[PDB]
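Structure first, then comments.
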Number of protein chains: 2
Amino acid sequence: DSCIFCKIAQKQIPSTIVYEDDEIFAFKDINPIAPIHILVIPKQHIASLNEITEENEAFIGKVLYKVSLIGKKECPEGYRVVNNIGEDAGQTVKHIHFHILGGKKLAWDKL
Amino acid sequence: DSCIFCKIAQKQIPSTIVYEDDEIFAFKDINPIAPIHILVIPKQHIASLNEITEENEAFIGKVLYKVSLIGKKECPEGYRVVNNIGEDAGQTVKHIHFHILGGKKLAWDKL
Ligand SMILES: Nc1ncnc2c1ncn2[C@@H]1O[C@H](COP(=O)(O)O)[C@@H](O)[C@H]1O
Ligand SMILES: Nc1ncnc2c1ncn2[C@@H]1O[C@H](COP(=O)(O)O)[C@@H](O)[C@H]1O
Ligand SMILES: [Zn+2]
Ligand SMILES: [Zn+2]
């Protein structure tokens, strides 16, 4: 009812869809920082990486596996995966999302 | 015998250790790009995220869980987790390593 990414996952708010299945939903970042910039979310609401538990760690491993399958397909020359937790990382939406970044030789600059 | 991170994990090459257990090894990046910059590796040799399989996905979930435990302790104000796969991402060592970055409001710049 409230979470922007939960709603995107249920196609209640529009997105450019890259992949979806019963468990995950991947779509293009609307403000990209690389030529390929994809967000991968679980459909289920998990607020951040700090909400991973010993009991859901297998599920998050499966999400990361599916992140790799998307990345190796969309970015055969290589890709970077980023996850932001909390204020210093600039986490905006409190629904866990993996960034897949690629399509160029990606910078590695001081943060 | 050959992999720099396998050797660091077995303390055959020195590092500044942040945490270790029977499964993982975490140490300070020697060329940091943030005030807190930690590398977390499995002790077992896995070359990159592209080597995750349906059969080891639970293990990688556990590694990511332990990444979150390290991050929330070392970076209570928030942290970014990064993984680089292949040439465009600039992956140097072919032994999977998660970057934990924090200690400041981290930039989000074009790559
Ligand atoms: N409605 C949206 N559709 C697609 N991407 C979005 C939308 N709203 C925010 N984003 C992206 O979501 C990301 C949030 O990343 P983070 O800083 O890790 O919370 C940013 O890269 C935003 O550009
Ligand atoms: N001997 C070392 N000890 C600690 N960190 C290292 C060492 N060699 C390389 N690194 C770091 O490992 C990281 C490799 O990251 P990547 O570009 O993702 O392959 C870089 O941030 C390097 O500064
Ligand atoms: Zn949500
Ligand atoms: Zn190794």
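Throughout, protein chains are lettered first and strands after them, A, B, ... in sequence-line order, and every chain is numbered starting at 1. Atoms within each ligand, like the ligands themselves, are counted from 1 in listed order.
- Listed for the A:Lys110 side chain is a donor-acceptor partner under 3.5 Å among the backbone atoms of B:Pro32.
- Both B:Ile46 and B:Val63 are part of a single hydrophobic cluster, where members link through side-chain heavy atoms under 4.5 Å apart.
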Any protein N/O atoms within less than 3.5 Å of an N/O atom in ligand 1? List the atom names and distances, or say none.
unit_1: ligand 1; atom_1: 5 (N); unit_2: A:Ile30; atom_2: N; d: 3.3
unit_1: ligand 1; atom_1: 15 (O); unit_2: A:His97; atom_2: NE2; d: 3.2
unit_1: ligand 1; atom_1: 15 (O); unit_2: A:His99; atom_2: NE2; d: 3.3
unit_1: ligand 1; atom_1: 17 (O); unit_2: A:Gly90; atom_2: O; d: 3.2
unit_1: ligand 1; atom_1: 18 (O); unit_2: A:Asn84; atom_2: ND2; d: 2.8
unit_1: ligand 1; atom_1: 18 (O); unit_2: A:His97; atom_2: NE2; d: 3.1
unit_1: ligand 1; atom_1: 18 (O); unit_2: A:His99; atom_2: NE2; d: 2.8
unit_1: ligand 1; atom_1: 19 (O); unit_2: A:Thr92; atom_2: N; d: 2.8
unit_1: ligand 1; atom_1: 19 (O); unit_2: A:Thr92; atom_2: OG1; d: 2.8
unit_1: ligand 1; atom_1: 19 (O); unit_2: A:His97; atom_2: NE2; d: 2.8
unit_1: ligand 1; atom_1: 21 (O); unit_2: A:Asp29; atom_2: OD1; d: 3.3
unit_1: ligand 1; atom_1: 21 (O); unit_2: A:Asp29; atom_2: OD2; d: 2.5
unit_1: ligand 1; atom_1: 23 (O); unit_2: A:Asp29; atom_2: OD1; d: 2.7

(message) Run A:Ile8 and A:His95 through side-chain contact (heavy atoms from CB on, under 4.5 Å) and show every step you take.
(response) CA-CA 11 Å; A:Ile8 283 177; A:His95 179 127; over 6 Å; no
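- Evaluation of the ring pair (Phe, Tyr, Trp, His ring centres under 6.0 Å) rule for B:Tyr65 yields no partner, not counting sequence neighbours.
- Partners of B:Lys11 according to the side chain to side chain donor-acceptor pair (under 3.5 Å) rule, which considers only residues two or more places apart in sequence or in another chain, are B:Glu20.
- Counting only distance, with no hydrogens or angles, the side chain of A:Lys72 and the backbone of B:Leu49 share no donor-acceptor pair below 3.5 Å.
- The main-chain N or O of B:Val93 is found under 3.5 Å from a side-chain atom of B:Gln91 such that the two form a donor-acceptor pair.
- By the criterion of side-chain heavy atoms lying less than 4.5 angstrom apart, applied directly or through intervening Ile, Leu, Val, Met, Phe, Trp or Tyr residues, B:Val67 is not grouped with B:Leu106; the two fall into different hydrophobic clusters.
- Taking 2.8 Å as the limit, the number of protein N, O or S atoms around the Zn ion (ligand 3) is 4.
- Ring geometry, A:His37 versus B:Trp108: the interplanar angle falls from 30° to 60°, so the pair is classed tilted.
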